[PDB]
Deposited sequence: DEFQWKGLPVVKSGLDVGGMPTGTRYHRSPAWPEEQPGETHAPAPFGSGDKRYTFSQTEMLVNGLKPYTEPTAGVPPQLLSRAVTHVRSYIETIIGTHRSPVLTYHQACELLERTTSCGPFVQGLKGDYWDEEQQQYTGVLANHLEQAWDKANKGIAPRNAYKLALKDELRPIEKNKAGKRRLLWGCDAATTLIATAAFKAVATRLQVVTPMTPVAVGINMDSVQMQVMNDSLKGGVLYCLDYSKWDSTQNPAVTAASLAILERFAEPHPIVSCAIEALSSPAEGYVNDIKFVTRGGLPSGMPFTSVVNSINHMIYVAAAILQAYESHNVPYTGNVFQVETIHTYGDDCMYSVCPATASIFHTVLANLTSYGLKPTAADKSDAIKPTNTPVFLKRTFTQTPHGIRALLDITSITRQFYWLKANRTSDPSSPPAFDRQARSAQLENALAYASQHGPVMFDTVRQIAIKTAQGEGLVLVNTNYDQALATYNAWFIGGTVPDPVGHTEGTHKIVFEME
């Protein structure tokens, strides 16, 4: 039965999945004992081990889980259905009406991320279990996937189940001082598998075609695909919005609609449909011996989070716009996604709207907020933290300079309760990281690059590294080869 645990509704899971990991993987660079100008980020608060703060992990979790407790208005069902047929229609004209077959078991298995966790029911990394060249999973994980695959083929859906933790990353110091840390949802590998088999061929068709669809997922921002995106912005009125608390504000009816759109492009099959059932069912987060079941929102670690959230976003925007026209008594004649230009990456976005739409944008925004989303114009495209900028070699999607330099001042390494303690890290990975950071720097041009250069040399001697993209010309040449190659 339900009971309250720190003010959240909560049930015993029948299992014990363990506590959230202790400490942090981030150390200050040994090269960098002092604070540098314009630094804005440091390691998120990790509770008991950490001398900076006095927050506990469990309370940071409870904080992050709270919005999942409260449902969201969503879209009025009649509106929703019109919005949906807009979204569906448009994607039909781009990717066609072909229905992708479900993946084989082995195909689906090869796509799992060996680098990540197995979710709440199996310990370790997925790669712990991968046979490099039996070419299959093995052991306890393989049994976990196998039973699930078998059940799915029999119409029995896997658990929409996540191991809850907190993300360990560099965050804004303003946020750290406030006791904020992002939720980590670790999906059950079986559920990932079934989704993958269901939906990956549809996801791939959308990716092949990016950014011709508003699903920008898997766009290479350091390629021509970004210039295609840029070009598509011309003519319209540019709104680059950030949504707050995007994940906790996802309405489950909208989500179910997005999944129904996806299902349209797949073969009907018991797999496809376990997977909708799982993914449209409420997220269950496991900690210790309890689970929390969501009443609203979406877990950030769902299978296909980006695609599903990009479809949600398309549906919300179509609805907001169509509602705004109808309530102003204006006819809306074309497809939203031709009349308007829309790029999403789950919650990240750029809208380039017709002027008629721009005229009544106040009203669009208000419709968005009425769905329980938490949303003026610019000439400067900003997307996936990139700023679109002219350079001497064409438009580039420029990483923030602080995104570049913070990589020099921090490194992800061994667990610790002390970031000021010395890292154990492999020098080659580190050096490759920093040579990449340098190639990004080169696009900012030569004054900017010289500053980053000086940082990198300092870093190299302090950390004992070796670096070539230390010069502008070779840093420029490496980025360029990335750029024209899709590399």
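Counting from 1 along the deposited sequence, which stretches lack C-alpha positions? Going by the record, the segments left unmodelled (no C-alpha atoms) fall at 376-384, 497-515.
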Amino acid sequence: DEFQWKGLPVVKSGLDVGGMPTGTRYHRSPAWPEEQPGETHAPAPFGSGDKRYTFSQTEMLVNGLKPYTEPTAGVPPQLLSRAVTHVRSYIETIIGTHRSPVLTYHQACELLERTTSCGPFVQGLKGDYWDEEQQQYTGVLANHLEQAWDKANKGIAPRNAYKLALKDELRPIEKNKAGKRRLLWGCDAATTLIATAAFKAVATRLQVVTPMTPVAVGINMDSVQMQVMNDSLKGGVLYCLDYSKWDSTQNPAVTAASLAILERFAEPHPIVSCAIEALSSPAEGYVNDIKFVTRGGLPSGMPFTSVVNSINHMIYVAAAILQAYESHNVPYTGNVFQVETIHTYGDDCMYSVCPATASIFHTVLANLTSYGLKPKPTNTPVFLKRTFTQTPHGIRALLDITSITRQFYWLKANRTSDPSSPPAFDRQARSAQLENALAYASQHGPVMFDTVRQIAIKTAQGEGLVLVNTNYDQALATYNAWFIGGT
From here on, numbers count along this sequence of modelled residues.
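Between 263-271 and 105-113, which has the larger average Cα B-factor in the PDB entry? Averaged over C-alpha atoms, the B-factors run higher in 105-113.
Highest mean C-alpha temperature factor of the two stretches 389-397 and 208-216, which is it? So the stretch with the higher mean C-alpha B-factor is 208-216.
Given 153, 306, 196, 230, the residue at which the Cα B factor reaches its maximum: The C-alpha B-factor peaks, among 153, 306, 196, 230, at 153.
Top residue by Cα temperature factor, when 175, 406, 200, 88 are compared in the entry: Highest C-alpha B-factor among the listed options: 175.
By the recorded C-alpha temperature factor, relative to the other modelled residues in its chain, which third is residue 252 in? CA B-factor rank for residue 252: lowest third.
Divide the modelled residues of the chain into thirds by Cα B-factor and specify which third, lowest, middle or highest, holds residue 17. Middle third of the chain for residue 17's C-alpha B-factor.
Is the Cα B-factor recorded for residue 440 in the lowest, middle or highest third of its chain? Lowest third of the chain for residue 440's C-alpha B-factor.
What third of the chain, by the recorded C-alpha B-factor, contains residue 64? For residue 64, the deposited C-alpha B-factor lands in the middle third.
Which third of the chain holds residue 245 when residues are ordered by C-alpha B factor: lowest, middle or highest? Residue 245: CA B-factor falls in the highest third of its chain.
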